[PDB]
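Enquirer: Please find run-v8.pdb (PDB, N, CA and C atoms) on the next line:
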ATOM      1  N   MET A   1      11.186  -0.923  -2.625
ATOM      2  CA  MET A   1      11.062   0.295  -3.477
ATOM      3  C   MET A   1       9.583   0.612  -3.702
ATOM      4  N   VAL A   2       9.149   1.726  -3.182
ATOM      5  CA  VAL A   2       7.718   2.106  -3.363
ATOM      6  C   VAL A   2       7.399   2.188  -4.859
ATOM      7  N   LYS A   3       6.196   1.821  -5.215
ATOM      8  CA  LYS A   3       5.810   1.864  -6.659
ATOM      9  C   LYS A   3       4.405   2.455  -6.815
ATOM     10  N   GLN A   4       4.237   3.271  -7.820
ATOM     11  CA  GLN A   4       2.901   3.898  -8.044
ATOM     12  C   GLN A   4       2.121   3.123  -9.109
ATOM     13  N   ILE A   5       0.870   2.874  -8.831
ATOM     14  CA  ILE A   5       0.032   2.132  -9.820
ATOM     15  C   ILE A   5      -0.770   3.140 -10.649
ATOM     16  N   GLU A   6      -1.385   2.671 -11.701
ATOM     17  CA  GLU A   6      -2.182   3.605 -12.557
ATOM     18  C   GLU A   6      -3.441   2.915 -13.104
ATOM     19  N   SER A   7      -3.444   1.610 -13.101
ATOM     20  CA  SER A   7      -4.641   0.887 -13.623
ATOM     21  C   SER A   7      -4.766  -0.492 -12.968
ATOM     22  N   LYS A   8      -5.817  -1.188 -13.306
ATOM     23  CA  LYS A   8      -6.025  -2.545 -12.721
ATOM     24  C   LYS A   8      -5.057  -3.543 -13.354
ATOM     25  N   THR A   9      -5.027  -3.550 -14.647
ATOM     26  CA  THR A   9      -4.115  -4.489 -15.355
ATOM     27  C   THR A   9      -2.730  -4.425 -14.725
ATOM     28  N   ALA A  10      -2.370  -3.258 -14.298
ATOM     29  CA  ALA A  10      -1.043  -3.083 -13.661
ATOM     30  C   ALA A  10      -1.057  -3.672 -12.249
ATOM     31  N   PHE A  11      -2.013  -3.247 -11.465
ATOM     32  CA  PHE A  11      -2.108  -3.773 -10.072
ATOM     33  C   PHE A  11      -1.909  -5.290 -10.075
ATOM     34  N   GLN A  12      -2.221  -5.904 -11.182
ATOM     35  CA  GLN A  12      -2.055  -7.387 -11.274
ATOM     36  C   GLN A  12      -0.582  -7.751 -11.448
ATOM     37  N   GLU A  13       0.021  -7.181 -12.444
ATOM     38  CA  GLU A  13       1.459  -7.479 -12.710
ATOM     39  C   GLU A  13       2.314  -7.164 -11.476
ATOM     40  N   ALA A  14       2.028  -6.063 -10.839
ATOM     41  CA  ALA A  14       2.823  -5.692  -9.632
ATOM     42  C   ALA A  14       2.821  -6.845  -8.627
ATOM     43  N   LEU A  15       1.678  -7.443  -8.445
ATOM     44  CA  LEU A  15       1.595  -8.581  -7.487
ATOM     45  C   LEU A  15       2.231  -9.828  -8.103
ATOM     46  N   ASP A  16       2.462  -9.771  -9.384
ATOM     47  CA  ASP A  16       3.084 -10.939 -10.071
ATOM     48  C   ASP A  16       4.597 -10.745 -10.168
ATOM     49  N   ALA A  17       5.013  -9.513 -10.118
ATOM     50  CA  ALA A  17       6.475  -9.223 -10.200
ATOM     51  C   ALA A  17       7.036  -8.989  -8.796
ATOM     52  N   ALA A  18       6.171  -9.053  -7.822
ATOM     53  CA  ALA A  18       6.625  -8.838  -6.419
ATOM     54  C   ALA A  18       7.035 -10.172  -5.787
ATOM     55  N   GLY A  19       7.021 -11.210  -6.579
ATOM     56  CA  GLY A  19       7.405 -12.544  -6.041
ATOM     57  C   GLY A  19       6.376 -13.016  -5.014
ATOM     58  N   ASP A  20       6.828 -13.216  -3.801
ATOM     59  CA  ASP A  20       5.893 -13.675  -2.727
ATOM     60  C   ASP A  20       6.092 -12.844  -1.454
ATOM     61  N   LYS A  21       7.233 -12.219  -1.343
ATOM     62  CA  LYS A  21       7.495 -11.388  -0.132
ATOM     63  C   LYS A  21       6.273 -10.524   0.177
ATOM     64  N   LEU A  22       6.190 -10.055   1.388
ATOM     65  CA  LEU A  22       5.025  -9.211   1.761
ATOM     66  C   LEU A  22       4.819  -8.107   0.730
ATOM     67  N   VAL A  23       3.575  -7.795   0.495
ATOM     68  CA  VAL A  23       3.247  -6.744  -0.497
ATOM     69  C   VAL A  23       2.201  -5.805   0.110
ATOM     70  N   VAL A  24       2.667  -4.756   0.737
ATOM     71  CA  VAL A  24       1.709  -3.813   1.390
ATOM     72  C   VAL A  24       1.350  -2.666   0.445
ATOM     73  N   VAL A  25       0.097  -2.275   0.468
ATOM     74  CA  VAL A  25      -0.353  -1.168  -0.433
ATOM     75  C   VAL A  25      -0.819   0.043   0.374
ATOM     76  N   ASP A  26      -0.584   1.211  -0.173
ATOM     77  CA  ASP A  26      -1.018   2.460   0.522
ATOM     78  C   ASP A  26      -2.093   3.165  -0.310
ATOM     79  N   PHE A  27      -3.319   2.813  -0.062
ATOM     80  CA  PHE A  27      -4.436   3.444  -0.818
ATOM     81  C   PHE A  27      -4.718   4.844  -0.266
ATOM     82  N   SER A  28      -4.126   5.830  -0.886
ATOM     83  CA  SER A  28      -4.337   7.228  -0.411
ATOM     84  C   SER A  28      -4.382   8.189  -1.603
ATOM     85  N   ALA A  29      -4.544   9.454  -1.314
ATOM     86  CA  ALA A  29      -4.592  10.462  -2.416
ATOM     87  C   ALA A  29      -3.238  11.171  -2.537
ATOM     88  N   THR A  30      -2.735  11.252  -3.740
ATOM     89  CA  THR A  30      -1.418  11.928  -3.939
ATOM     90  C   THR A  30      -1.617  13.434  -4.118
ATOM     91  N   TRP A  31      -2.736  13.794  -4.675
ATOM     92  CA  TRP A  31      -3.023  15.241  -4.891
ATOM     93  C   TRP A  31      -3.287  15.930  -3.549
ATOM     94  N   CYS A  32      -4.107  15.310  -2.745
ATOM     95  CA  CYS A  32      -4.429  15.908  -1.419
ATOM     96  C   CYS A  32      -3.142  16.206  -0.640
ATOM     97  N   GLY A  33      -3.267  17.011   0.379
ATOM     98  CA  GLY A  33      -2.066  17.361   1.198
ATOM     99  C   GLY A  33      -1.967  16.475   2.455
ATOM    100  N   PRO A  34      -2.892  16.665   3.379
ATOM    101  CA  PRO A  34      -2.908  15.892   4.627
ATOM    102  C   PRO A  34      -2.731  14.396   4.356
ATOM    103  N   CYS A  35      -3.199  13.951   3.226
ATOM    104  CA  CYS A  35      -3.035  12.508   2.902
ATOM    105  C   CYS A  35      -1.577  12.238   2.533
ATOM    106  N   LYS A  36      -0.966  13.186   1.868
ATOM    107  CA  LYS A  36       0.453  13.000   1.480
ATOM    108  C   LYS A  36       1.373  13.526   2.590
ATOM    109  N   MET A  37       0.794  13.926   3.680
ATOM    110  CA  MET A  37       1.641  14.424   4.799
ATOM    111  C   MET A  37       2.196  13.229   5.567
ATOM    112  N   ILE A  38       1.577  12.100   5.360
ATOM    113  CA  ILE A  38       2.041  10.857   6.046
ATOM    114  C   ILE A  38       2.946  10.052   5.102
ATOM    115  N   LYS A  39       3.294  10.657   4.005
ATOM    116  CA  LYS A  39       4.168   9.961   3.013
ATOM    117  C   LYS A  39       5.601   9.744   3.547
ATOM    118  N   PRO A  40       6.177  10.747   4.197
ATOM    119  CA  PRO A  40       7.547  10.621   4.708
ATOM    120  C   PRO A  40       7.631   9.499   5.746
ATOM    121  N   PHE A  41       6.516   8.856   5.978
ATOM    122  CA  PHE A  41       6.494   7.732   6.962
ATOM    123  C   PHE A  41       6.395   6.385   6.224
ATOM    124  N   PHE A  42       5.474   6.303   5.296
ATOM    125  CA  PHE A  42       5.310   5.029   4.523
ATOM    126  C   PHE A  42       6.279   5.002   3.337
ATOM    127  N   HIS A  43       6.678   6.164   2.907
ATOM    128  CA  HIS A  43       7.610   6.246   1.745
ATOM    129  C   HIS A  43       9.067   6.106   2.214
ATOM    130  N   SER A  44       9.271   6.191   3.502
ATOM    131  CA  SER A  44      10.666   6.062   4.029
ATOM    132  C   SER A  44      11.030   4.590   4.200
ATOM    133  N   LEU A  45      10.030   3.763   4.274
ATOM    134  CA  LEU A  45      10.297   2.306   4.433
ATOM    135  C   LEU A  45      10.938   1.764   3.154
ATOM    136  N   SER A  46      10.963   2.591   2.145
ATOM    137  CA  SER A  46      11.565   2.163   0.850
ATOM    138  C   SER A  46      13.005   1.686   1.061
ATOM    139  N   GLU A  47      13.741   2.423   1.845
ATOM    140  CA  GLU A  47      15.160   2.037   2.096
ATOM    141  C   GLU A  47      15.266   1.150   3.344
ATOM    142  N   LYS A  48      14.442   1.420   4.319
ATOM    143  CA  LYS A  48      14.495   0.600   5.564
ATOM    144  C   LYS A  48      14.237  -0.879   5.250
ATOM    145  N   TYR A  49      13.017  -1.194   4.917
ATOM    146  CA  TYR A  49      12.689  -2.615   4.599
ATOM    147  C   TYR A  49      12.975  -2.907   3.123
ATOM    148  N   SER A  50      14.141  -3.430   2.858
ATOM    149  CA  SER A  50      14.501  -3.742   1.444
ATOM    150  C   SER A  50      14.015  -5.145   1.066
ATOM    151  N   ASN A  51      13.541  -5.869   2.042
ATOM    152  CA  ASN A  51      13.048  -7.250   1.757
ATOM    153  C   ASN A  51      11.527  -7.244   1.569
ATOM    154  N   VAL A  52      10.948  -6.070   1.621
ATOM    155  CA  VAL A  52       9.463  -5.960   1.445
ATOM    156  C   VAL A  52       9.149  -5.012   0.285
ATOM    157  N   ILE A  53       8.063  -5.273  -0.401
ATOM    158  CA  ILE A  53       7.690  -4.392  -1.548
ATOM    159  C   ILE A  53       6.527  -3.485  -1.145
ATOM    160  N   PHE A  54       6.667  -2.223  -1.467
ATOM    161  CA  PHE A  54       5.609  -1.238  -1.105
ATOM    162  C   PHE A  54       4.987  -0.626  -2.365
ATOM    163  N   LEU A  55       3.708  -0.363  -2.290
ATOM    164  CA  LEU A  55       2.996   0.229  -3.444
ATOM    165  C   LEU A  55       2.258   1.494  -3.000
ATOM    166  N   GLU A  56       1.804   2.244  -3.955
ATOM    167  CA  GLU A  56       1.074   3.503  -3.623
ATOM    168  C   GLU A  56      -0.010   3.755  -4.674
ATOM    169  N   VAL A  57      -1.245   3.570  -4.291
ATOM    170  CA  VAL A  57      -2.352   3.783  -5.274
ATOM    171  C   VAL A  57      -2.976   5.168  -5.103
ATOM    172  N   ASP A  58      -3.265   5.792  -6.212
ATOM    173  CA  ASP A  58      -3.895   7.140  -6.158
ATOM    174  C   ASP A  58      -5.402   7.002  -6.385
ATOM    175  N   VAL A  59      -6.161   7.246  -5.355
ATOM    176  CA  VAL A  59      -7.644   7.122  -5.487
ATOM    177  C   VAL A  59      -8.209   8.227  -6.394
ATOM    178  N   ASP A  60      -7.347   8.843  -7.167
ATOM    179  CA  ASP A  60      -7.816   9.930  -8.081
ATOM    180  C   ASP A  60      -7.803   9.443  -9.536
ATOM    181  N   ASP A  61      -6.726   8.801  -9.917
ATOM    182  CA  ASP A  61      -6.619   8.295 -11.323
ATOM    183  C   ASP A  61      -6.721   6.765 -11.353
ATOM    184  N   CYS A  62      -6.804   6.167 -10.190
ATOM    185  CA  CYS A  62      -6.902   4.673 -10.123
ATOM    186  C   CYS A  62      -8.127   4.256  -9.300
ATOM    187  N   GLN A  63      -9.229   4.917  -9.532
ATOM    188  CA  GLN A  63     -10.462   4.570  -8.771
ATOM    189  C   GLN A  63     -10.864   3.121  -9.057
ATOM    190  N   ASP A  64     -10.399   2.610 -10.160
ATOM    191  CA  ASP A  64     -10.756   1.215 -10.531
ATOM    192  C   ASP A  64     -10.201   0.233  -9.508
ATOM    193  N   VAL A  65      -8.999   0.473  -9.102
ATOM    194  CA  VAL A  65      -8.369  -0.423  -8.103
ATOM    195  C   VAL A  65      -8.964  -0.175  -6.722
ATOM    196  N   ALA A  66      -9.116   1.068  -6.392
ATOM    197  CA  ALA A  66      -9.695   1.405  -5.068
ATOM    198  C   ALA A  66     -11.096   0.820  -4.963
ATOM    199  N   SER A  67     -11.889   1.102  -5.945
ATOM    200  CA  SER A  67     -13.276   0.571  -5.941
ATOM    201  C   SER A  67     -13.240  -0.955  -5.928
ATOM    202  N   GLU A  68     -12.081  -1.492  -6.189
ATOM    203  CA  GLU A  68     -11.940  -2.967  -6.198
ATOM    204  C   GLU A  68     -11.797  -3.478  -4.768
ATOM    205  N   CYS A  69     -11.188  -2.676  -3.952
ATOM    206  CA  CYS A  69     -10.997  -3.071  -2.530
ATOM    207  C   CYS A  69     -12.153  -2.529  -1.685
ATOM    208  N   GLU A  70     -13.058  -1.851  -2.339
ATOM    209  CA  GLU A  70     -14.239  -1.288  -1.619
ATOM    210  C   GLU A  70     -13.793  -0.340  -0.483
ATOM    211  N   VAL A  71     -12.843   0.503  -0.776
ATOM    212  CA  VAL A  71     -12.381   1.460   0.277
ATOM    213  C   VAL A  71     -13.371   2.616   0.389
ATOM    214  N   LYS A  72     -13.419   3.218   1.539
ATOM    215  CA  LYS A  72     -14.358   4.358   1.728
ATOM    216  C   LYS A  72     -13.739   5.392   2.667
ATOM    217  N   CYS A  73     -12.439   5.372   2.756
ATOM    218  CA  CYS A  73     -11.753   6.346   3.657
ATOM    219  C   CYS A  73     -10.240   6.200   3.532
ATOM    220  N   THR A  74      -9.588   7.297   3.259
ATOM    221  CA  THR A  74      -8.104   7.262   3.106
ATOM    222  C   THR A  74      -7.441   7.981   4.304
ATOM    223  N   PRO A  75      -6.201   7.622   4.625
ATOM    224  CA  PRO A  75      -5.421   6.571   3.928
ATOM    225  C   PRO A  75      -5.852   5.166   4.384
ATOM    226  N   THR A  76      -5.769   4.216   3.480
ATOM    227  CA  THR A  76      -6.145   2.814   3.837
ATOM    228  C   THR A  76      -4.993   1.874   3.480
ATOM    229  N   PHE A  77      -4.502   1.172   4.463
ATOM    230  CA  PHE A  77      -3.362   0.247   4.202
ATOM    231  C   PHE A  77      -3.860  -1.179   3.992
ATOM    232  N   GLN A  78      -3.335  -1.819   2.978
ATOM    233  CA  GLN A  78      -3.751  -3.231   2.696
ATOM    234  C   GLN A  78      -2.527  -4.151   2.631
ATOM    235  N   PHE A  79      -2.747  -5.410   2.925
ATOM    236  CA  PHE A  79      -1.622  -6.398   2.907
ATOM    237  C   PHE A  79      -1.914  -7.504   1.883
ATOM    238  N   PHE A  80      -1.092  -7.592   0.856
ATOM    239  CA  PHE A  80      -1.318  -8.656  -0.178
ATOM    240  C   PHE A  80      -0.153  -9.649  -0.173
ATOM    241  N   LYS A  81      -0.467 -10.895  -0.403
ATOM    242  CA  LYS A  81       0.602 -11.936  -0.422
ATOM    243  C   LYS A  81       0.330 -12.933  -1.550
ATOM    244  N   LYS A  82       1.313 -13.145  -2.382
ATOM    245  CA  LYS A  82       1.122 -14.095  -3.522
ATOM    246  C   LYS A  82      -0.063 -13.643  -4.375
ATOM    247  N   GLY A  83      -0.528 -12.451  -4.119
ATOM    248  CA  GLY A  83      -1.685 -11.933  -4.899
ATOM    249  C   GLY A  83      -2.987 -12.197  -4.144
ATOM    250  N   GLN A  84      -2.864 -12.446  -2.863
ATOM    251  CA  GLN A  84      -4.079 -12.718  -2.035
ATOM    252  C   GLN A  84      -4.095 -11.803  -0.810
ATOM    253  N   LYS A  85      -5.226 -11.211  -0.560
ATOM    254  CA  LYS A  85      -5.337 -10.307   0.612
ATOM    255  C   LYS A  85      -5.262 -11.124   1.907
ATOM    256  N   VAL A  86      -4.534 -10.615   2.868
ATOM    257  CA  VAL A  86      -4.403 -11.351   4.166
ATOM    258  C   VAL A  86      -4.623 -10.402   5.351
ATOM    259  N   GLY A  87      -4.390  -9.134   5.135
ATOM    260  CA  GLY A  87      -4.591  -8.158   6.245
ATOM    261  C   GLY A  87      -4.983  -6.787   5.689
ATOM    262  N   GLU A  88      -5.716  -6.033   6.467
ATOM    263  CA  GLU A  88      -6.120  -4.681   5.987
ATOM    264  C   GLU A  88      -6.638  -3.822   7.145
ATOM    265  N   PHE A  89      -6.035  -2.681   7.311
ATOM    266  CA  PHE A  89      -6.470  -1.763   8.391
ATOM    267  C   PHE A  89      -6.288  -0.311   7.935
ATOM    268  N   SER A  90      -7.284   0.500   8.190
ATOM    269  CA  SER A  90      -7.197   1.931   7.765
ATOM    270  C   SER A  90      -6.984   2.846   8.969
ATOM    271  N   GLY A  91      -6.696   4.093   8.686
ATOM    272  CA  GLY A  91      -6.462   5.075   9.786
ATOM    273  C   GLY A  91      -5.076   5.704   9.641
ATOM    274  N   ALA A  92      -4.987   6.974   9.925
ATOM    275  CA  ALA A  92      -3.666   7.658   9.810
ATOM    276  C   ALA A  92      -2.737   7.213  10.945
ATOM    277  N   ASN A  93      -2.305   5.976  10.880
ATOM    278  CA  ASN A  93      -1.392   5.447  11.941
ATOM    279  C   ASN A  93      -0.119   4.885  11.304
ATOM    280  N   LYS A  94       1.008   5.249  11.863
ATOM    281  CA  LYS A  94       2.306   4.754  11.310
ATOM    282  C   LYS A  94       2.899   3.696  12.238
ATOM    283  N   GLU A  95       3.047   4.053  13.482
ATOM    284  CA  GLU A  95       3.620   3.091  14.460
ATOM    285  C   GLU A  95       2.953   1.726  14.304
ATOM    286  N   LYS A  96       1.816   1.720  13.672
ATOM    287  CA  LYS A  96       1.093   0.431  13.486
ATOM    288  C   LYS A  96       1.672  -0.344  12.295
ATOM    289  N   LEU A  97       1.918   0.346  11.214
ATOM    290  CA  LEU A  97       2.478  -0.355  10.016
ATOM    291  C   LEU A  97       3.635  -1.269  10.430
ATOM    292  N   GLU A  98       4.560  -0.723  11.166
ATOM    293  CA  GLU A  98       5.729  -1.541  11.606
ATOM    294  C   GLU A  98       5.265  -2.857  12.227
ATOM    295  N   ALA A  99       4.730  -2.761  13.402
ATOM    296  CA  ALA A  99       4.253  -3.996  14.098
ATOM    297  C   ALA A  99       3.382  -4.836  13.159
ATOM    298  N   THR A 100       2.514  -4.180  12.440
ATOM    299  CA  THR A 100       1.628  -4.927  11.501
ATOM    300  C   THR A 100       2.475  -5.751  10.530
ATOM    301  N   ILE A 101       3.476  -5.140   9.969
ATOM    302  CA  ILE A 101       4.346  -5.904   9.037
ATOM    303  C   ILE A 101       4.958  -7.063   9.797
ATOM    304  N   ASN A 102       5.288  -6.799  11.021
ATOM    305  CA  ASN A 102       5.869  -7.866  11.868
ATOM    306  C   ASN A 102       4.832  -8.968  12.048
ATOM    307  N   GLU A 103       3.614  -8.656  11.689
ATOM    308  CA  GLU A 103       2.530  -9.663  11.825
ATOM    309  C   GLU A 103       2.690 -10.758  10.767
ATOM    310  N   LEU A 104       2.737 -10.358   9.510
ATOM    311  CA  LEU A 104       2.868 -11.385   8.424
ATOM    312  C   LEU A 104       4.330 -11.501   7.932
ATOM    313  N   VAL A 105       5.242 -10.817   8.590
ATOM    314  CA  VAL A 105       6.683 -10.914   8.159
ATOM    315  C   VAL A 105       7.100 -12.383   8.050
TER     316      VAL A 105
END
Translate the structure described by the file into structure tokens.
Expert:
Amino acid sequence: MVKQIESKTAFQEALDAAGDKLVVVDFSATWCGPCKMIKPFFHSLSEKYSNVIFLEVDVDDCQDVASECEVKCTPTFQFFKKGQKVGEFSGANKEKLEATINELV
């Protein structure tokens, strides 16, 4: 189930309530258009992969979290596990998310 973050204190609990299963994050802009044009791709995995947790950070109201990952270009996909970063790749690519998840699955 995709989840939207709003602050850092939250970004923490999310990784604490996500158990240990893969935890992929979508650092992109929700207000922008072209950035949300790739949503029907990362937001559709909500029902497909029910064994994985997905998040969605808004680099507009959650710059604290973004500035935490030192991002400098959206959309940026990150991979967190047990609350520890293990993979991260940016670029408007979808066919990659799949195989990528198959990486740490």
Enquirer: Using only C-alpha atoms, can you list as a CSV table (one decimal) with N, CA and C atoms, in the frame of the given file the residues within 10 Å of (-6.4, 1.4, 10.0)?
Expert:
chain,number,residue,atom,x,y,z
A,73,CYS,N,-12.4,5.4,2.8
A,73,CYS,CA,-11.8,6.3,3.7
A,73,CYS,C,-10.2,6.2,3.5
A,74,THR,N,-9.6,7.3,3.3
A,74,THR,CA,-8.1,7.3,3.1
A,74,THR,C,-7.4,8.0,4.3
A,75,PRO,N,-6.2,7.6,4.6
A,75,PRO,CA,-5.4,6.6,3.9
A,75,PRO,C,-5.9,5.2,4.4
A,76,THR,N,-5.8,4.2,3.5
A,76,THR,CA,-6.1,2.8,3.8
A,76,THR,C,-5.0,1.9,3.5
A,77,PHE,N,-4.5,1.2,4.5
A,77,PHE,CA,-3.4,0.2,4.2
A,77,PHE,C,-3.9,-1.2,4.0
A,78,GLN,N,-3.3,-1.8,3.0
A,78,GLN,CA,-3.8,-3.2,2.7
A,78,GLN,C,-2.5,-4.2,2.6
A,88,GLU,N,-5.7,-6.0,6.5
A,88,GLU,CA,-6.1,-4.7,6.0
A,88,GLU,C,-6.6,-3.8,7.1
A,89,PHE,N,-6.0,-2.7,7.3
A,89,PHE,CA,-6.5,-1.8,8.4
A,89,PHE,C,-6.3,-0.3,7.9
A,90,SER,N,-7.3,0.5,8.2
A,90,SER,CA,-7.2,1.9,7.8
A,90,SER,C,-7.0,2.8,9.0
A,91,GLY,N,-6.7,4.1,8.7
A,91,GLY,CA,-6.5,5.1,9.8
A,91,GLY,C,-5.1,5.7,9.6
A,92,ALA,N,-5.0,7.0,9.9
A,92,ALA,CA,-3.7,7.7,9.8
A,92,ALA,C,-2.7,7.2,10.9
A,93,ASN,N,-2.3,6.0,10.9
A,93,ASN,CA,-1.4,5.4,11.9
A,93,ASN,C,-0.1,4.9,11.3
A,94,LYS,N,1.0,5.2,11.9
A,94,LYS,CA,2.3,4.8,11.3
A,94,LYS,C,2.9,3.7,12.2
A,96,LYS,N,1.8,1.7,13.7
A,96,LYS,CA,1.1,0.4,13.5
A,96,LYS,C,1.7,-0.3,12.3
A,97,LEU,N,1.9,0.3,11.2
A,97,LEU,CA,2.5,-0.4,10.0
A,97,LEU,C,3.6,-1.3,10.4
Enquirer: Looking at all atoms listed in the file, which of A:44, A:28, A:12, A:7 is the one that sits closest to residue 60 in chain A?
Expert: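 Comparing A:44, A:28, A:12, A:7 against residue 60 in chain A, the winner is A:28.
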Enquirer: When distances are computed from only N, CA and C atoms, which of A:53, A:71, A:45, A:38 shows the smallest separation from residue 20 in chain A?
Expert: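 Of all the options, A:53 lies closest to residue 20 in chain A.
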Enquirer: Taking into account all atoms listed in the file, which residue in the set A:13, A:61, A:56, A:6 is nearest to residue 25 in chain A?
Expert: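 Once distances to residue 25 in chain A are computed over all atoms listed in the file, the minimum belongs to A:56.
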Enquirer: Give me, please, the distance in Å between atom C of residue 68 in chain A and CA of residue 8 in chain A, quoted to one decimal.
Expert: 9.9 Å
Enquirer: I need the strand (DSSP E) residues of range 2-97 of chain A per DSSP on the backbone, written as a PyMOL selection string.
Expert: chain A and resi 3-4+23-28+53-58+76-81+84-90
Enquirer: Export, as a CSV table (one decimal), keeping the file's coordinate frame, the selected residues with N, CA and C atoms.
Expert:
chain,number,residue,atom,x,y,z
A,3,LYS,N,6.2,1.8,-5.2
A,3,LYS,CA,5.8,1.9,-6.7
A,3,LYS,C,4.4,2.5,-6.8
A,4,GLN,N,4.2,3.3,-7.8
A,4,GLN,CA,2.9,3.9,-8.0
A,4,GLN,C,2.1,3.1,-9.1
A,23,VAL,N,3.6,-7.8,0.5
A,23,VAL,CA,3.2,-6.7,-0.5
A,23,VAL,C,2.2,-5.8,0.1
A,24,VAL,N,2.7,-4.8,0.7
A,24,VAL,CA,1.7,-3.8,1.4
A,24,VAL,C,1.4,-2.7,0.4
A,25,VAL,N,0.1,-2.3,0.5
A,25,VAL,CA,-0.4,-1.2,-0.4
A,25,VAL,C,-0.8,0.0,0.4
A,26,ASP,N,-0.6,1.2,-0.2
A,26,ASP,CA,-1.0,2.5,0.5
A,26,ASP,C,-2.1,3.2,-0.3
A,27,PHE,N,-3.3,2.8,-0.1
A,27,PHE,CA,-4.4,3.4,-0.8
A,27,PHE,C,-4.7,4.8,-0.3
A,28,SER,N,-4.1,5.8,-0.9
A,28,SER,CA,-4.3,7.2,-0.4
A,28,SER,C,-4.4,8.2,-1.6
A,53,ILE,N,8.1,-5.3,-0.4
A,53,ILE,CA,7.7,-4.4,-1.5
A,53,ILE,C,6.5,-3.5,-1.1
A,54,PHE,N,6.7,-2.2,-1.5
A,54,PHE,CA,5.6,-1.2,-1.1
A,54,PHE,C,5.0,-0.6,-2.4
A,55,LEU,N,3.7,-0.4,-2.3
A,55,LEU,CA,3.0,0.2,-3.4
A,55,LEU,C,2.3,1.5,-3.0
A,56,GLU,N,1.8,2.2,-4.0
A,56,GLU,CA,1.1,3.5,-3.6
A,56,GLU,C,0.0,3.8,-4.7
A,57,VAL,N,-1.2,3.6,-4.3
A,57,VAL,CA,-2.4,3.8,-5.3
A,57,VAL,C,-3.0,5.2,-5.1
A,58,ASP,N,-3.3,5.8,-6.2
A,58,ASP,CA,-3.9,7.1,-6.2
A,58,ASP,C,-5.4,7.0,-6.4
A,76,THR,N,-5.8,4.2,3.5
A,76,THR,CA,-6.1,2.8,3.8
A,76,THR,C,-5.0,1.9,3.5
A,77,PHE,N,-4.5,1.2,4.5
A,77,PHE,CA,-3.4,0.2,4.2
A,77,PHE,C,-3.9,-1.2,4.0
A,78,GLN,N,-3.3,-1.8,3.0
A,78,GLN,CA,-3.8,-3.2,2.7
A,78,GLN,C,-2.5,-4.2,2.6
A,79,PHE,N,-2.7,-5.4,2.9
A,79,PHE,CA,-1.6,-6.4,2.9
A,79,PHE,C,-1.9,-7.5,1.9
A,80,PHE,N,-1.1,-7.6,0.9
A,80,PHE,CA,-1.3,-8.7,-0.2
A,80,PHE,C,-0.2,-9.6,-0.2
A,81,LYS,N,-0.5,-10.9,-0.4
A,81,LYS,CA,0.6,-11.9,-0.4
A,81,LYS,C,0.3,-12.9,-1.6
A,84,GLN,N,-2.9,-12.4,-2.9
A,84,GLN,CA,-4.1,-12.7,-2.0
A,84,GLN,C,-4.1,-11.8,-0.8
A,85,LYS,N,-5.2,-11.2,-0.6
A,85,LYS,CA,-5.3,-10.3,0.6
A,85,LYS,C,-5.3,-11.1,1.9
A,86,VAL,N,-4.5,-10.6,2.9
A,86,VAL,CA,-4.4,-11.4,4.2
A,86,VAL,C,-4.6,-10.4,5.4
A,87,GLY,N,-4.4,-9.1,5.1
A,87,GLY,CA,-4.6,-8.2,6.2
A,87,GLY,C,-5.0,-6.8,5.7
A,88,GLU,N,-5.7,-6.0,6.5
A,88,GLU,CA,-6.1,-4.7,6.0
A,88,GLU,C,-6.6,-3.8,7.1
A,89,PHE,N,-6.0,-2.7,7.3
A,89,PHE,CA,-6.5,-1.8,8.4
A,89,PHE,C,-6.3,-0.3,7.9
A,90,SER,N,-7.3,0.5,8.2
A,90,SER,CA,-7.2,1.9,7.8
A,90,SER,C,-7.0,2.8,9.0
